[PDB]
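Pasting protein-v2.txt here (compact mmCIF, N, CA and C atoms):
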# COMPACT_ATOMS: atom_id res chain seq x y z
N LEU I 1832 19.57 -100.97 -37.19
CA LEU I 1832 19.46 -99.58 -36.60
C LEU I 1832 20.30 -99.42 -35.34
N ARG I 1833 21.24 -98.47 -35.33
CA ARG I 1833 22.05 -98.21 -34.19
C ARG I 1833 21.87 -96.77 -33.77
N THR I 1834 21.81 -96.56 -32.46
CA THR I 1834 21.68 -95.23 -31.89
C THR I 1834 22.97 -94.87 -31.20
N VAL I 1835 23.51 -93.70 -31.49
CA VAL I 1835 24.81 -93.30 -30.96
C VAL I 1835 24.67 -91.95 -30.28
N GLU I 1836 25.31 -91.77 -29.14
CA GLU I 1836 25.40 -90.51 -28.44
C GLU I 1836 26.88 -90.10 -28.46
N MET I 1837 27.22 -88.93 -29.01
CA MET I 1837 28.61 -88.47 -29.01
C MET I 1837 28.74 -87.07 -28.41
N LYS I 1838 29.87 -86.78 -27.76
CA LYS I 1838 30.22 -85.42 -27.31
C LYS I 1838 31.43 -84.95 -28.10
N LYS I 1839 31.42 -83.74 -28.67
CA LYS I 1839 32.55 -83.33 -29.54
C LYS I 1839 33.96 -83.38 -28.90
N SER I 1844 35.23 -81.30 -33.10
CA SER I 1844 34.83 -82.09 -34.29
C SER I 1844 34.33 -83.50 -33.94
N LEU I 1845 33.38 -84.02 -34.72
CA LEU I 1845 32.96 -85.42 -34.54
C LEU I 1845 33.88 -86.39 -35.27
N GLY I 1846 34.66 -85.91 -36.23
CA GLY I 1846 35.58 -86.77 -36.92
C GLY I 1846 34.86 -87.67 -37.92
N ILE I 1847 33.86 -87.12 -38.56
CA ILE I 1847 33.27 -87.80 -39.72
C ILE I 1847 33.08 -86.84 -40.87
N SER I 1848 33.06 -87.43 -42.07
CA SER I 1848 32.85 -86.71 -43.29
C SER I 1848 31.54 -87.20 -43.85
N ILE I 1849 30.58 -86.30 -44.04
CA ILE I 1849 29.26 -86.73 -44.50
C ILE I 1849 29.01 -86.31 -45.93
N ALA I 1850 28.25 -87.15 -46.62
CA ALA I 1850 27.95 -86.98 -48.02
C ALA I 1850 26.45 -87.28 -48.23
N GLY I 1851 25.97 -87.15 -49.46
CA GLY I 1851 24.57 -87.43 -49.76
C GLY I 1851 23.67 -86.29 -49.45
N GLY I 1852 22.38 -86.62 -49.35
CA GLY I 1852 21.36 -85.65 -49.11
C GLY I 1852 20.47 -85.40 -50.31
N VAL I 1853 19.35 -84.71 -50.07
CA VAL I 1853 18.51 -84.19 -51.15
C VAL I 1853 19.35 -83.29 -52.05
N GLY I 1854 19.32 -83.52 -53.35
CA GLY I 1854 19.99 -82.64 -54.26
C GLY I 1854 21.47 -82.93 -54.39
N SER I 1855 21.90 -84.10 -53.90
CA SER I 1855 23.33 -84.53 -54.05
C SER I 1855 23.66 -84.72 -55.53
N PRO I 1856 24.97 -84.83 -55.84
CA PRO I 1856 25.31 -85.06 -57.27
C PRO I 1856 24.70 -86.31 -57.91
N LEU I 1857 24.36 -87.33 -57.12
CA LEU I 1857 23.72 -88.54 -57.62
C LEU I 1857 22.18 -88.51 -57.46
N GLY I 1858 21.63 -87.37 -57.09
CA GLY I 1858 20.20 -87.21 -56.92
C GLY I 1858 19.91 -87.27 -55.43
N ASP I 1859 18.68 -87.59 -55.08
CA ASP I 1859 18.28 -87.52 -53.67
C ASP I 1859 18.64 -88.85 -53.08
N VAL I 1860 19.70 -88.84 -52.28
CA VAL I 1860 20.15 -90.03 -51.60
C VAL I 1860 20.29 -89.74 -50.09
N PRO I 1861 20.10 -90.77 -49.27
CA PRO I 1861 20.30 -90.59 -47.85
C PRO I 1861 21.68 -90.04 -47.48
N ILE I 1862 21.71 -89.19 -46.49
CA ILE I 1862 22.98 -88.71 -45.88
C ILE I 1862 23.77 -89.90 -45.39
N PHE I 1863 25.07 -89.91 -45.67
CA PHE I 1863 25.89 -91.07 -45.32
C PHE I 1863 27.29 -90.68 -44.87
N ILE I 1864 27.93 -91.58 -44.11
CA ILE I 1864 29.32 -91.44 -43.65
C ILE I 1864 30.25 -91.92 -44.75
N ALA I 1865 30.94 -90.97 -45.38
CA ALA I 1865 31.88 -91.26 -46.49
C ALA I 1865 33.33 -91.53 -46.03
N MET I 1866 33.71 -90.97 -44.88
CA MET I 1866 35.03 -91.16 -44.25
C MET I 1866 34.89 -90.89 -42.74
N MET I 1867 35.89 -91.35 -41.99
CA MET I 1867 35.89 -91.12 -40.54
C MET I 1867 37.35 -90.90 -40.17
N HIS I 1868 37.61 -89.89 -39.35
CA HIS I 1868 38.95 -89.69 -38.81
C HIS I 1868 39.29 -90.85 -37.90
N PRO I 1869 40.47 -91.46 -38.07
CA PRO I 1869 40.75 -92.69 -37.30
C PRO I 1869 40.69 -92.57 -35.75
N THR I 1870 41.05 -91.40 -35.22
CA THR I 1870 41.11 -91.18 -33.77
C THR I 1870 40.06 -90.21 -33.26
N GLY I 1871 39.10 -89.86 -34.11
CA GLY I 1871 38.06 -88.93 -33.72
C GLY I 1871 37.01 -89.52 -32.78
N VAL I 1872 36.05 -88.66 -32.41
CA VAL I 1872 34.98 -89.05 -31.47
C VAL I 1872 34.10 -90.16 -32.02
N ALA I 1873 33.78 -90.09 -33.31
CA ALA I 1873 32.95 -91.14 -33.97
C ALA I 1873 33.65 -92.48 -33.92
N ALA I 1874 34.95 -92.48 -34.21
CA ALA I 1874 35.74 -93.69 -34.16
C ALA I 1874 35.74 -94.27 -32.76
N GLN I 1875 35.87 -93.40 -31.78
CA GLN I 1875 35.92 -93.86 -30.40
C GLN I 1875 34.65 -94.51 -29.95
N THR I 1876 33.51 -94.18 -30.56
CA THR I 1876 32.24 -94.86 -30.17
C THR I 1876 32.25 -96.36 -30.44
N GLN I 1877 33.00 -96.78 -31.46
CA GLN I 1877 33.02 -98.16 -31.95
C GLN I 1877 31.65 -98.66 -32.35
N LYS I 1878 30.78 -97.72 -32.72
CA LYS I 1878 29.40 -98.02 -33.13
C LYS I 1878 29.02 -97.38 -34.45
N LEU I 1879 29.92 -96.59 -35.06
CA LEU I 1879 29.65 -96.00 -36.38
C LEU I 1879 30.64 -96.57 -37.36
N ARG I 1880 30.20 -96.74 -38.61
CA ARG I 1880 31.04 -97.31 -39.65
C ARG I 1880 30.93 -96.43 -40.90
N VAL I 1881 32.03 -96.34 -41.63
CA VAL I 1881 31.95 -95.77 -42.95
C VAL I 1881 30.94 -96.58 -43.76
N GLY I 1882 30.11 -95.87 -44.47
CA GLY I 1882 28.99 -96.43 -45.22
C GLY I 1882 27.65 -96.40 -44.51
N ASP I 1883 27.65 -96.10 -43.21
CA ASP I 1883 26.38 -95.95 -42.50
C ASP I 1883 25.59 -94.83 -43.12
N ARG I 1884 24.26 -95.04 -43.19
CA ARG I 1884 23.33 -93.99 -43.63
C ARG I 1884 22.67 -93.41 -42.39
N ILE I 1885 22.56 -92.08 -42.35
CA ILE I 1885 22.11 -91.37 -41.15
C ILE I 1885 20.63 -91.11 -41.26
N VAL I 1886 19.86 -91.71 -40.34
CA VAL I 1886 18.42 -91.66 -40.33
C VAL I 1886 17.88 -90.47 -39.51
N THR I 1887 18.55 -90.20 -38.39
CA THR I 1887 18.27 -89.04 -37.57
C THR I 1887 19.54 -88.39 -37.04
N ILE I 1888 19.46 -87.07 -36.87
CA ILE I 1888 20.49 -86.28 -36.27
C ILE I 1888 19.82 -85.36 -35.20
N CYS I 1889 20.36 -85.34 -34.00
CA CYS I 1889 19.84 -84.46 -32.92
C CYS I 1889 18.33 -84.63 -32.76
N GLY I 1890 17.92 -85.87 -32.87
CA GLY I 1890 16.54 -86.28 -32.67
C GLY I 1890 15.53 -85.92 -33.75
N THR I 1891 15.99 -85.55 -34.96
CA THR I 1891 15.14 -85.19 -36.04
C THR I 1891 15.52 -86.01 -37.26
N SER I 1892 14.52 -86.30 -38.08
CA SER I 1892 14.72 -87.08 -39.29
C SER I 1892 15.59 -86.37 -40.33
N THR I 1893 16.42 -87.15 -41.04
CA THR I 1893 17.17 -86.59 -42.17
C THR I 1893 16.39 -86.60 -43.49
N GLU I 1894 15.23 -87.24 -43.50
CA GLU I 1894 14.28 -87.17 -44.63
C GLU I 1894 14.14 -85.73 -45.08
N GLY I 1895 14.49 -85.49 -46.33
CA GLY I 1895 14.29 -84.17 -46.87
C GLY I 1895 15.41 -83.20 -46.63
N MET I 1896 16.44 -83.59 -45.86
CA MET I 1896 17.57 -82.73 -45.63
C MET I 1896 18.52 -82.70 -46.81
N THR I 1897 18.99 -81.49 -47.12
CA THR I 1897 20.10 -81.34 -48.04
C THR I 1897 21.45 -81.56 -47.35
N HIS I 1898 22.53 -81.67 -48.12
CA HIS I 1898 23.82 -81.90 -47.55
C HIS I 1898 24.18 -80.71 -46.65
N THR I 1899 23.93 -79.48 -47.16
CA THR I 1899 24.24 -78.21 -46.40
C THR I 1899 23.47 -78.17 -45.09
N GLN I 1900 22.21 -78.50 -45.11
CA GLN I 1900 21.41 -78.54 -43.87
C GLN I 1900 21.99 -79.50 -42.81
N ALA I 1901 22.31 -80.73 -43.24
CA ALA I 1901 22.87 -81.71 -42.29
C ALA I 1901 24.22 -81.27 -41.74
N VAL I 1902 25.08 -80.74 -42.61
CA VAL I 1902 26.38 -80.31 -42.18
C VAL I 1902 26.25 -79.14 -41.20
N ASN I 1903 25.40 -78.19 -41.51
CA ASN I 1903 25.23 -77.01 -40.64
C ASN I 1903 24.71 -77.44 -39.26
N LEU I 1904 23.80 -78.41 -39.23
CA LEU I 1904 23.29 -78.93 -37.95
C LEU I 1904 24.39 -79.57 -37.09
N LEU I 1905 25.23 -80.39 -37.71
CA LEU I 1905 26.28 -81.09 -37.03
C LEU I 1905 27.40 -80.14 -36.62
N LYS I 1906 27.71 -79.15 -37.46
CA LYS I 1906 28.77 -78.20 -37.08
C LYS I 1906 28.34 -77.32 -35.90
N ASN I 1907 27.06 -76.97 -35.88
CA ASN I 1907 26.53 -76.04 -34.88
C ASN I 1907 26.33 -76.75 -33.53
N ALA I 1908 26.05 -78.05 -33.55
CA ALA I 1908 25.72 -78.77 -32.31
C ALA I 1908 26.86 -78.86 -31.31
N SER I 1909 26.54 -78.96 -30.02
CA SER I 1909 27.57 -79.34 -29.02
C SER I 1909 26.87 -80.09 -27.90
N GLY I 1910 27.55 -80.42 -26.81
CA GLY I 1910 26.91 -81.24 -25.76
C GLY I 1910 26.76 -82.64 -26.33
N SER I 1911 25.65 -83.28 -26.03
CA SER I 1911 25.36 -84.62 -26.58
C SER I 1911 24.67 -84.55 -27.93
N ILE I 1912 25.28 -85.20 -28.91
CA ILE I 1912 24.81 -85.24 -30.28
C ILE I 1912 24.37 -86.69 -30.56
N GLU I 1913 23.06 -86.88 -30.68
CA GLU I 1913 22.46 -88.14 -31.02
C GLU I 1913 22.41 -88.32 -32.53
N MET I 1914 22.72 -89.54 -32.97
CA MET I 1914 22.63 -89.93 -34.35
C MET I 1914 22.05 -91.35 -34.36
N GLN I 1915 21.13 -91.66 -35.26
CA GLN I 1915 20.73 -93.03 -35.52
C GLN I 1915 21.11 -93.34 -36.93
N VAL I 1916 21.65 -94.54 -37.12
CA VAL I 1916 22.10 -94.97 -38.44
C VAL I 1916 21.60 -96.35 -38.77
N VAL I 1917 21.59 -96.63 -40.08
CA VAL I 1917 21.44 -97.98 -40.64
C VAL I 1917 22.71 -98.33 -41.44
N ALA I 1918 23.06 -99.62 -41.44
CA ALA I 1918 24.21 -100.10 -42.26
C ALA I 1918 23.90 -99.92 -43.73
N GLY I 1919 24.91 -99.61 -44.54
CA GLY I 1919 24.73 -99.52 -45.95
C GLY I 1919 24.50 -100.88 -46.63
N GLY I 1920 25.06 -101.93 -46.04
CA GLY I 1920 24.76 -103.29 -46.47
C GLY I 1920 25.33 -103.68 -47.79
N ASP I 1921 26.26 -102.88 -48.30
CA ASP I 1921 26.86 -103.12 -49.64
C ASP I 1921 25.75 -103.14 -50.72
N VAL I 1922 24.70 -102.36 -50.50
CA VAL I 1922 23.57 -102.35 -51.40
C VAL I 1922 23.94 -101.47 -52.63
N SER I 1923 24.33 -100.22 -52.40
CA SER I 1923 24.59 -99.30 -53.53
C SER I 1923 26.07 -99.12 -53.85
N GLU I 1924 26.91 -99.84 -53.14
CA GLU I 1924 28.37 -99.89 -53.36
C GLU I 1924 28.85 -101.17 -52.78
N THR I 1925 30.09 -101.50 -53.10
CA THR I 1925 30.71 -102.74 -52.64
C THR I 1925 32.05 -102.49 -52.03
N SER I 1926 32.26 -103.03 -50.82
CA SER I 1926 33.49 -102.85 -50.09
C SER I 1926 34.55 -103.78 -50.64
N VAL I 1927 35.68 -103.22 -51.05
CA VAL I 1927 36.82 -104.01 -51.50
C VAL I 1927 38.09 -103.70 -50.65

I'd like the structure from this file rewritten - as structure tokens, please.
Amino acid sequence: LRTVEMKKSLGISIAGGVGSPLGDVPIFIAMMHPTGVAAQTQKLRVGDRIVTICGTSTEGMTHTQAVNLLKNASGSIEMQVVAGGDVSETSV
């Protein structure tokens, strides 16, 4: 579990959520802009699953809900993540 505080775009591409094309899966980081704010933290990784955003659980969030929250936010944006662990995919 890692907790990150970012100030803004965040420079991440998020995927997953309730009702995703693969069913209800945790929100996750699918890509990251190489020079963006997320990259600059050196604490987020592609494949991280997002457990909380702006101090609230992602349990039950759809992809649209999570994206709208992140797009709308400014100031300090808290995120907590867990590593994907190569559990549901494999890094090559």

Nearest to residue 1853 of chain I, chosen from I:1895, I:1910, I:1869, I:1890, with all atoms listed in the file counted in the distances: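 Looking only at the distances to residue 1853 of chain I, the closest residue turns out to be I:1895.
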
For residue 1918 of chain I, the nearest of the candidates I:1860, I:1873, I:1867, I:1881, counting only N, CA and C atoms: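 Closest to residue 1918 of chain I, using only N, CA and C atoms: I:1881.
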
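Comparing I:1849, I:1837, I:1916, I:1864 by their smallest distance to residue 1903 of chain I, the closest is I:1849 (using only C-alpha atoms).
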
Nearby residues (all atoms listed in the file) at most 7 Å from residue 1887 of chain I, same-chain spacing under 6 positions excluded, as an MDAnalysis selection string: chainID I and resid 1893:1894 1913:1916

Contact residues around residue 1872 of chain I with only N, CA and C atoms at 8 Å, ignoring same-chain residues under 3 positions, as a VMD selection string: chain I and resid 1837 to 1839 1844 to 1847 1868 to 1869 1875 to 1877

Test item, strand (DSSP E or B) assignment across chain I, answer as a PyMOL selection string: chain I and resi 1833-1838+1847-1855+1858-1867+1884-1888+1891-1892+1897+1911-1917

Chain I: which residues are alpha helix (DSSP H) by DSSP, as a CSV table (one decimal) with N, CA and C atoms, in the coordinates of the input?
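New file part-v4.csv:
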chain,number,residue,atom,x,y,z
I,1872,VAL,N,36.0,-88.7,-32.4
I,1872,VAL,CA,35.0,-89.0,-31.5
I,1872,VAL,C,34.1,-90.2,-32.0
I,1873,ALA,N,33.8,-90.1,-33.3
I,1873,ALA,CA,33.0,-91.1,-34.0
I,1873,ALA,C,33.6,-92.5,-33.9
I,1874,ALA,N,35.0,-92.5,-34.2
I,1874,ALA,CA,35.7,-93.7,-34.2
I,1874,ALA,C,35.7,-94.3,-32.8
I,1875,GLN,N,35.9,-93.4,-31.8
I,1875,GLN,CA,35.9,-93.9,-30.4
I,1875,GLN,C,34.6,-94.5,-30.0
I,1876,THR,N,33.5,-94.2,-30.6
I,1876,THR,CA,32.2,-94.9,-30.2
I,1876,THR,C,32.2,-96.4,-30.4
I,1898,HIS,N,22.5,-81.7,-48.1
I,1898,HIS,CA,23.8,-81.9,-47.6
I,1898,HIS,C,24.2,-80.7,-46.6
I,1899,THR,N,23.9,-79.5,-47.2
I,1899,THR,CA,24.2,-78.2,-46.4
I,1899,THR,C,23.5,-78.2,-45.1
I,1900,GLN,N,22.2,-78.5,-45.1
I,1900,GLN,CA,21.4,-78.5,-43.9
I,1900,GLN,C,22.0,-79.5,-42.8
I,1901,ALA,N,22.3,-80.7,-43.2
I,1901,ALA,CA,22.9,-81.7,-42.3
I,1901,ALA,C,24.2,-81.3,-41.7
I,1902,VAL,N,25.1,-80.7,-42.6
I,1902,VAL,CA,26.4,-80.3,-42.2
I,1902,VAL,C,26.2,-79.1,-41.2
I,1903,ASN,N,25.4,-78.2,-41.5
I,1903,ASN,CA,25.2,-77.0,-40.6
I,1903,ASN,C,24.7,-77.4,-39.3
I,1904,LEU,N,23.8,-78.4,-39.2
I,1904,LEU,CA,23.3,-78.9,-38.0
I,1904,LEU,C,24.4,-79.6,-37.1
I,1905,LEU,N,25.2,-80.4,-37.7
I,1905,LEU,CA,26.3,-81.1,-37.0
I,1905,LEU,C,27.4,-80.1,-36.6
I,1906,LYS,N,27.7,-79.2,-37.5
I,1906,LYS,CA,28.8,-78.2,-37.1
I,1906,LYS,C,28.3,-77.3,-35.9
I,1907,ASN,N,27.1,-77.0,-35.9
I,1907,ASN,CA,26.5,-76.0,-34.9
I,1907,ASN,C,26.3,-76.8,-33.5

May I have the centre and edge lengths, in Å to one decimal, of an axis-aligned box around the listed atoms of segment 1874-1877 of chain I with 3 Å added to every side, as JSON?
{"center_x": 33.8, "center_y": -95.6, "center_z": -32.1, "size_x": 10.3, "size_y": 12.2, "size_z": 10.3}

Nearest-residue call for residue 1921 of chain I, choices I:1897, I:1909, I:1891, I:1882, using only C-alpha atoms: I:1882
